[PDB]
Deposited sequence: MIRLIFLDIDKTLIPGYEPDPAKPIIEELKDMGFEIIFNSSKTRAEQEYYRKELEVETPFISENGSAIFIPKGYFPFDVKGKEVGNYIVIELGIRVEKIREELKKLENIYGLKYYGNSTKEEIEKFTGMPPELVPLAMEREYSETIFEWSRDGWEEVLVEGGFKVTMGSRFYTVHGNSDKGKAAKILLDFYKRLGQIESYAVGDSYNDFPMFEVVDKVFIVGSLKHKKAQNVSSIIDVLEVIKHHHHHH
């Protein structure tokens, strides 16, 4: 019986931005026999850093389900597939944001300085370069007028609210990506899947997994609300 758990890589796991706070949680999940899958709005560069520091070598999903990364030979016809691209290239997103930049006073990674990005996010200066290595999405830090969200959706893009900012991406979401990865595991036998989210970008995963937890007060019909990731492990222990 394989147990899988999808986790975000934000304040609910790494408050303060350093990896260390997540260690107690990762270690317990490992002891509980879980395959830990980060399914985050974060870039591959950001996730690879945390994974290495936390010694997590399982597949991961980046930029709101835009790509699934499977370590070479992780799963025992040879496809030789390491990266499954499901979203749209960031260059296309930026071409569209350029058309809206002035009308709506939009600020995102592509048109902001490292100093501005640090101000907007509060992220440590040394991590900004990792967040800037975007491949399939943009994060909107601010705007001077509303209405750009609808325009983007009309243009065929997805605009999803995260724990703090909107992320612009396309053709996929955390749920579509999670479902595909789950299929890879299901080929190995029976699986039990859990998902822990804290924002609207996690909602798509809920209909794809067996058990759902929400850290915070966001409400969803399939989710059990808890105040901390600590509580998730506690409730699962029941």
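Residues of the deposited sequence lacking C-alpha coordinates, numbered from 1, fall in the stretches 77 to 82, 245 to 249.
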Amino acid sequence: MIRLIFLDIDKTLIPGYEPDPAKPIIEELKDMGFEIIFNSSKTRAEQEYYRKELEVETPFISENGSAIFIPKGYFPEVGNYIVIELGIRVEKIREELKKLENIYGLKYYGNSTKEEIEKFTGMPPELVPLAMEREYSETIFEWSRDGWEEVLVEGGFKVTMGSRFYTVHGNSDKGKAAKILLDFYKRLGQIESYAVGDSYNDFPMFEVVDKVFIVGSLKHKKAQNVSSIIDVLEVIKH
From here on, numbers count along this sequence of modelled residues.
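The stretch 23 to 31 shows the higher mean C-alpha B-factor when 57 to 65 is compared against 23 to 31 in the entry. As recorded in the PDB entry, 204 to 212 is the stretch of 34 to 42 and 204 to 212 with the greater mean C-alpha temperature factor.
In the deposited coordinates, the residue among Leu130, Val168, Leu97, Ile82 with the greatest CA B-factor is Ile82. Highest CA B-factor among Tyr104, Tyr74, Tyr136, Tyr108, as stated in the entry: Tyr74. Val90: CA B factor lies in the lowest third for its chain, per the PDB record. In this PDB entry, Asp198 carries a Cα temperature factor that places it within the middle third of its chain's modelled residues. Sort the modelled residues of the chain by CA B factor and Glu192 lands in the highest third. Ranked by C-alpha B-factor against the other modelled residues of its chain, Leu152 falls in the middle third. Looking at the C-alpha B-factors along this chain, the one for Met123 belongs to the middle third.
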